[PDB]
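Protein chains in written order, with the entry's author numbering: chain S, 1 to 257, 259 to 424; chain A, 1 to 257, 259 to 424; chain D, 1 to 257, 259 to 424; chain X, 1 to 257, 259 to 424. Quick reminder that beta carbons are idealized off the backbone N, C-alpha and C, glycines included. Worksheet: the structure to be examined is printed underneath.
There are 4 protein chains.
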Amino acid sequence: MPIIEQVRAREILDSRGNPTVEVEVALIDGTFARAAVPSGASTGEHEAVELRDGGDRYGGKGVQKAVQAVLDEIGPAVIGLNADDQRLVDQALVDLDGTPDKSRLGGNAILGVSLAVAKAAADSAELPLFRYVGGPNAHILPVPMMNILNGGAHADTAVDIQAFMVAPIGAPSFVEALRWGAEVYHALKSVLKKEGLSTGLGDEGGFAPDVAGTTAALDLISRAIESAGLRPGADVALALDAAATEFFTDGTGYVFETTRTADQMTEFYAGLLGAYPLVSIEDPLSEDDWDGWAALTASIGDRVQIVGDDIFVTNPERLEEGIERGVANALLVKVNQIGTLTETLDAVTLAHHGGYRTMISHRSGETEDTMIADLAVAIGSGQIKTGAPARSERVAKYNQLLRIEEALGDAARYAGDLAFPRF
Amino acid sequence: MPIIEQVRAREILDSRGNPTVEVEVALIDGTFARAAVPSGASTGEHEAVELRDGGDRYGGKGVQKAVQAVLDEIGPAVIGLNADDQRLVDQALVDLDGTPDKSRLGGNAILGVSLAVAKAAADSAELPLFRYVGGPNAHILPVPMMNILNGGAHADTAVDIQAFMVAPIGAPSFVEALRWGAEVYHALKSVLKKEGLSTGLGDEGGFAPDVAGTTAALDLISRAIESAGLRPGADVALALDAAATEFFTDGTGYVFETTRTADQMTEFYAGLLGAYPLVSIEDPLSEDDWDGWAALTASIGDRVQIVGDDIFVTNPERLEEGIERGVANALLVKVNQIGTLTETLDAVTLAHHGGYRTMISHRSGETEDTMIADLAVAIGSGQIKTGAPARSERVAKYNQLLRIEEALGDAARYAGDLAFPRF
Amino acid sequence: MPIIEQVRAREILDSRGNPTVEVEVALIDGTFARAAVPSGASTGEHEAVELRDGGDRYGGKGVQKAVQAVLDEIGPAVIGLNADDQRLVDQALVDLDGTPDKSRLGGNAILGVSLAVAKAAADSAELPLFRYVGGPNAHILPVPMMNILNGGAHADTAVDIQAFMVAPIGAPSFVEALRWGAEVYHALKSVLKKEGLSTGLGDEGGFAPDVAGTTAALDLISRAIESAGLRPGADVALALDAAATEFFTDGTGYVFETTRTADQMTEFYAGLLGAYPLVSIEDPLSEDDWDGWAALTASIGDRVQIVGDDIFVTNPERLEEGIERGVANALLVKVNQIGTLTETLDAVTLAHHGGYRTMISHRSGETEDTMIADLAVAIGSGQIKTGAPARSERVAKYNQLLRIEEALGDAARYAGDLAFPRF
Amino acid sequence: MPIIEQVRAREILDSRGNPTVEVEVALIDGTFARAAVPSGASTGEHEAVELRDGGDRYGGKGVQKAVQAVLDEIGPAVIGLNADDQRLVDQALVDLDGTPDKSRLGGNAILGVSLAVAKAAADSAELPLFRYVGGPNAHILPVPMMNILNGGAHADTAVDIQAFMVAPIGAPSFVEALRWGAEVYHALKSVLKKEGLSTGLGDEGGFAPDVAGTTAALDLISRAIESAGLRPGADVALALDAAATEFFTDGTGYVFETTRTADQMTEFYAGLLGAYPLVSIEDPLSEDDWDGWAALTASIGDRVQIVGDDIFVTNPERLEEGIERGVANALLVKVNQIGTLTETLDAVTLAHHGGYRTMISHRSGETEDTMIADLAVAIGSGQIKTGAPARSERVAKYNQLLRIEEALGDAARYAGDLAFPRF
Ligand SMILES: [Cl-]
Ligand SMILES: [Cl-]
Ligand SMILES: [Cl-]
Ligand SMILES: [Cl-]
Ligand SMILES: [Cl-]
Ligand SMILES: [Cl-]
Ligand SMILES: [Cl-]
Ligand SMILES: [Cl-]
Ligand SMILES: [Cl-]
Ligand SMILES: [Cl-]
Ligand SMILES: [Cl-]
Ligand SMILES: [Cl-]
Ligand SMILES: [Mg+2]
Ligand SMILES: [Mg+2]
Ligand SMILES: [Mg+2]
Ligand SMILES: [Mg+2]
């Protein structure tokens, strides 16, 4: 019987050396599971609240209050529940907290317990996590959307686009797709050395060279793909996270490379589509620019995937508003933006039912936890955004997808160019 | 370890007294599961082939060849496989057969093994079948689309529409929705007695009274809903299976109540939408009328759900062609039209990803097997078509949904009017 | 019974996106364990040989030959052995290979199997890995020697010292020591931003700012410690990896910041000891400069720990030669330099018996594997070198030490300033 | 789970027929273990206190108070602890007692519980005791230091040296080394019969013939080695326990064979090194003669192992003082001198880290318990002092080393002449 017996939490460090929550759940059958919670560098206004300790300790970023909340309140509210009743457990966490944004117990305390319970349920059932969450039909390995060059608020350069990604869509399999991603990243390291540009890594393991702007960054990436013996677009296509909220002024406009309107940003993005093998653009406009996004999606949404991150925050409520308004055609899925597995899967359901694609995403503050790799296959997103093929908080996810591919055998299918029908 | 050890089959009878396949699978951990295969009265041209024995025995409808195929060939090909690898098992069945339409081993032999393996995997994992297929997020109880009055090729009347269904969309829960369906069906029995019309049941448990046509049948149903103390549309809405292939002549047109064109049938259906609280119409045109369907879906598809049954036959290939052509907005899901659980779930995936709704369906020849009730919740269709609340091959499904609702507790949600946003 | 039943290997990626070996071992009692192998960016001449595939794939760095060697040859030679007989298993791996430097099967294939077997033995015995390797007396949490600023061959600067580390020796506990390391690293990020220097990370997660030389780097670190509210030396002391082989010419001398002799390098190092709270210096001279090292150890060895890395390569044979010659007073312990757990522990034994201290070390190419954290406590080194508190291939080790500290309860002791009696 | 459930004690007799403590521990998984406590004939001033009953019974040497202390107080303080947490259990015993020298509960009550818990933990983990204490690297069989001729306070003769030992350093294996020890002991019996000297045994199973002094005793032993067909020094070397405290007067000097100073005793010992194949001398000076020992160790410590017994009493505190002062180069390890396994292993750690060798030792009052044989291999001392190859309280240890050698197979290594690099 997979009845919850014990729930504990501890403070560990994330991949930027800031504290985060790790939760362990033990079931009465001796099943033990452990889940760690990611954290964003900068966050959407609309995200679930992380409980942070304040004061001097770790710059105010301690999570001892979250840890105490798991031991004093969450444990006692969920011990005796069946870990298979993920929706009951998640509803009891949400009711316990009693707030819209999980500001009392913290989204970080609550997601910790939610993910650990799911992991314990899967172990008890003797099923791999992808198969317990997705059922026996879970088999699709995601195209890895790999951040290899950074800009925006995440850089000390004149590039305002936050992330430049490669997507090995033409690969026959996920094992070959990871290798393609790795070989282009290694060749970009060599191209950067040869141009005398910096090869220091950012948070996501990508390079942050000081370059002129968006097209200069895309040209270096294209050179890297060719240098790896691969064809841009057919083999390795491109994607962006503009994260346009970071360069947007409330009620004013987009300060980009020139102040521009939503419609001008769209002309820019349209220009990039004509010049480059772009399959996806994330957050091309800001998190509350509902009019701009609708007009942009109407303009270019037939030609490229448009991903809502900060505009949706993995929230069914804000995503429903977007589907209604014809805003974006894809949802970035961040479990810690919403706080429970159940609410994450309701958002994925709302998207998938509504014709929108999904992309599972890391946070800039990640851990050795690989659960999003299992999530990406469980929900059959066909797309994952979990960093450069460097820094093991990113690579551990890619290694877990290798293991999932191997375990599926001839049942595995790599999403490849079927993730992006518009390209 | 849920390794397949034994696979046996026997000939049993379906709900019309014709033979069908039942398969039992035993795993090395002592797990035992049993699955029975439904059969259609009349079938789509494009369905997986049922192996039938021919000769005198049971009118040519014996399934001893299918039973022998399970023992001589399928068992030996899948023993030693892990029952958790549903896609490997289904691929090995499809490769074993080696034909497009499963004409060598039979769709009936193959689906038997496929469904029994899935059931055995769920038992081994100690999970209810809905939760093993759908994962921990499976929680949505379907609106029951209950056939209470028949016509077409299934009748001796002037009604050409095959099925008239009630849909208790306004109910707060599936337990109340089943009761509403039952009380309207009982009141329709009383209305029919009072009009001197026949109360003999058809295959699906609905009545087949000799009435004038479509609007006469809808009026009697509306009287029944009011007689039960319920409001037509707000509480109990209406749906149809025209099954228009049954009154279509190849290259000619629709002989309906008058020969009509696809566009004329659409004017008729449009007329019914203005006069009646219709939420869904299945097969309004014939199985290969791709032009007619596109024009109909363009005309009324914003106003009502349009379900493809015979046009799609639960086939990813034919459904892809429909999505491309803007044909229908819903897929009728019939596991035995395609032959494996895996191919059924790929069709559901293709639909759900593509913005199309799904409705799990019985066949006119059903069994005491309740697996489609678990399927409807697993895939979160929000809709099931499994007969009148009479004849236990129909009622056993409704009873299994009660048990699933009870087991989910406060996690259960009834789809209600959210299954039909267009109404 | 912990009899080895199955041995498998797969190619995964390390923290620099290059391939490495991961090995899984299953025992007949159902115990399953997984071990990943690290890889050095540049290597000592004397290290165990890594089998690499060559050709185009992953730049020649594929490990498919190593993976095949684990499946074709190692598995068959160790299945049926008791996983508790670590020395028998390691001797059978060494005899199987039949070469001095493990050049036939590869140090990477062999260490994979060695570490996985040890992990499986610990799981079977139901003991944490630190307690199975070190016995019930294992309780000492290491001072973390955290690389926060890089130079040498690992940089594009004028600093020739490869690694600048902080050592929180004055902390009351490992949990406080990790926090001190994290807060100084965060304050160094702020000091670097304020001097307009690069905050891109190197392989070990440290910063690589373009600075003048050794004393400029030490001054920035000292500013960071003070900025964190900590006292240099008393709270946070300093350590170096000169890696002097990287700037040494065979038979010629040390090109450093000026060509210098071994004795001149020693005058430099002696100067740094008078000016800075240095507790340790690794590889102050080159890997085969036996005369230089003896004279340096005689000169300053009473005043500071002198660590042999490339001079010893975790080899009992080369370490014995050093003890005999009065060369160094500490051994850097790198399991993959020697290839088996058993030979690693014989080197630690030879050192500890001989009055030499040990420091467990990461490689620049690391994985999500945390086994060296368990090793550092098992052998009671009191010292570990496993990166900056950034990049989870480094932080996962620090998180595992937190978990080990918590599990020991009041039995835990933090090595603190007792790791460095000379300071 | 190896949780302590029951702790009982009984009074048994030691090898001299005096009472001692035996402790049994039962764990909740059904593991049962038994440990007996040795006792010294005469003791160091600084040893842990043995609780003795006083009065008439067994000459005042009853241990009923110790037995009662195990049942009334120790059991209740350690039941519910994990037997794997040896340091927590030992700390709880030390805190319970609350005294420096364990004078309240008794070192004999406390060591009984400590050793039984360790044995129970090893059984629960299904590991031999040497492997549970020493980890998988424990493999070194000790040179047996076998007392074959006695003098001092342990005799009625003019020999003031307490123990004359043979050390079969040249043997290829422990099985051959035991045989060499046995054959020399049998030949010494024959040499003694032929000189008309007594063949009655002392407490340690050695002979106590009435001889002239030290050189007369060494000559008889040398004759015995030759008579066995072995070469003195190359095959069988010699060692001494002077136990010089027994012939030392507080503040006065050494009454030996002549009153002598520390420096004169050293001239004597130096003379014996020139004339005889001596590898080790234990307690050459008295337990508090810190100046004498330093000067002696400076004089001859390069030429022979100098073992501290009564000067260290297996106490980390007194051993630290010796390492600081350059006093001795080896620690005699007597678990009952300190009272817990944990404090014994901290003393071994302090020694081994500090370049000092260890020799595990029996007490003159021994039992059928063989645990020190497992300890000697666990800590890889390479040396054990556990009597003549006569009297089964001595031989049971040698028999247990045979069993440990056999169980290690080709992983076993005999320390041989590598235990004594100075010879
Ligand atoms: Cl919820
Ligand atoms: Cl869309
Ligand atoms: Cl998707
Ligand atoms: Cl298939
Ligand atoms: Cl649609
Ligand atoms: Cl649906
Ligand atoms: Cl070896
Ligand atoms: Cl030294
Ligand atoms: Cl050390
Ligand atoms: Cl202690
Ligand atoms: Cl020494
Ligand atoms: Cl030793
Ligand atoms: Mg974003
Ligand atoms: Mg139909
Ligand atoms: Mg180094
Ligand atoms: Mg003694």
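Check: Coarse secondary structure for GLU5/D, derived from DSSP in three states; Outcome: strand
Check: Distance between beta carbons of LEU297/X and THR267/X, contact taken as under 8 Å; Outcome: 4 Å
Check: CA nearest to the CA of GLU45/X, picked from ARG404/X, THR315/X and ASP347/X; Outcome: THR315/X
Check: Inter-residue Cα distance where the pair is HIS154/A and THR262/A; Outcome: 23 Å
Check: Backbone CA spacing between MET372/A and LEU419/A [nearest angstrom]; Outcome: 24 Å
Check: Cβ-heavy atom distance, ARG358/X to ligand 12, below 7 Å; Outcome: yes
Check: Alpha helix (DSSP H) segment containing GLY55/A, residue limits; Outcome: Per DSSP, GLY55/A belongs to no alpha helix (DSSP H) and is neither H nor E.
Check: Helix, strand or coil at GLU47/D [DSSP, three-state]; Outcome: coil
Check: Contact belief for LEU27/X with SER124/X at Cβ below 8 Å, rounded distance in angstroms; Outcome: 6 Å
Check: Proximity test, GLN91/S beta-carbon vs ligand 1 heavy atom, cut-off 7 Å; Outcome: yes
Check: Environment of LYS194/D [buried if 16+ CB atoms lie within 10 Å]; Outcome: exposed
Check: Closer than 8 Å to chain S by CB, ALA125/A; Outcome: yes
Check: Residue(s) in a DSSP beta bridge with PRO144/A; Outcome: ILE385/A
Check: Beta-carbon proximity of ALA9/D to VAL94/D, cut-off 8 Å; Outcome: no
Check: Residues, ordered as in the chain, of the segment 365-378 of chain D that lie near chain S by beta-carbon distance below 7 Å; Outcome: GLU367, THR368 and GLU369
Check: C-beta atoms of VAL334/X and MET360/X nearer than 8 Å; Outcome: yes
Check: Contacts of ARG57/D in chain S (Cβ-Cβ under 9 Å); Outcome: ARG179 and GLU183
Check: 8 Å contact criterion, which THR157/D and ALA208/D should meet: CB distance rounded; Outcome: 7 Å
Check: Distance cut-off 7 Å: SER281/X Cβ against heavy atoms of ligand 12; Outcome: no
Check: Contained beta strand (DSSP E) runs [length at least 3] in the segment 141-226 of chain X, N- to C-terminal order; Outcome: 146-150 and 163-167
Check: The segment 134-145 of chain S in contact with the segment 80-89 of chain A per 3-pair CB rule at 8 Å; Outcome: yes
Check: Test: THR350/X CB closer than 8 Å to a CB of chain D; Outcome: yes
Check: Closer than 7 Å at the beta carbon, the chain D residues around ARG131/X; Outcome: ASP84
Check: CB contact check: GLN91/D to chain X, cutoff 8 Å; Outcome: yes
Check: heavy atom of ligand 8 below 7 Å from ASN330/X C-beta; Outcome: no
Check: Simplified DSSP state of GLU369/X, which is helix, strand or coil; Outcome: coil
Check: Any non-hydrogen atom of ligand 16 closer than 7 Å to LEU333/X Cβ; Outcome: yes
Check: Per DSSP, the bridge partner or partners of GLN306/X; Outcome: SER281/X
Check: Alpha-carbon to alpha-carbon, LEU238/X and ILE140/X; Outcome: 21 Å
Check: Minimum Cβ-Cβ distance from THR343/A to chain S less than 8 Å; Outcome: yes
Check: Test: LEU96/D CB closer than 8 Å to a CB of chain X; Outcome: no
Check: CB-CB length for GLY17/S against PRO422/D, believed under 8 Å; Outcome: Actually they do not touch by this definition, with Cβ atoms about 29 Å apart.
Check: Chain-ordered chain X contacts of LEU88/D [CB-CB under 7 Å]; Outcome: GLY410, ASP411 and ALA412
Check: Any 3 or more C-beta pairs closer than 8 Å across the segment 181-195 of chain D and the segment 144-152 of chain D; Outcome: yes
Check: Cutoff 8 Å: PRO142/A Cβ touching any chain S Cβ; Outcome: no
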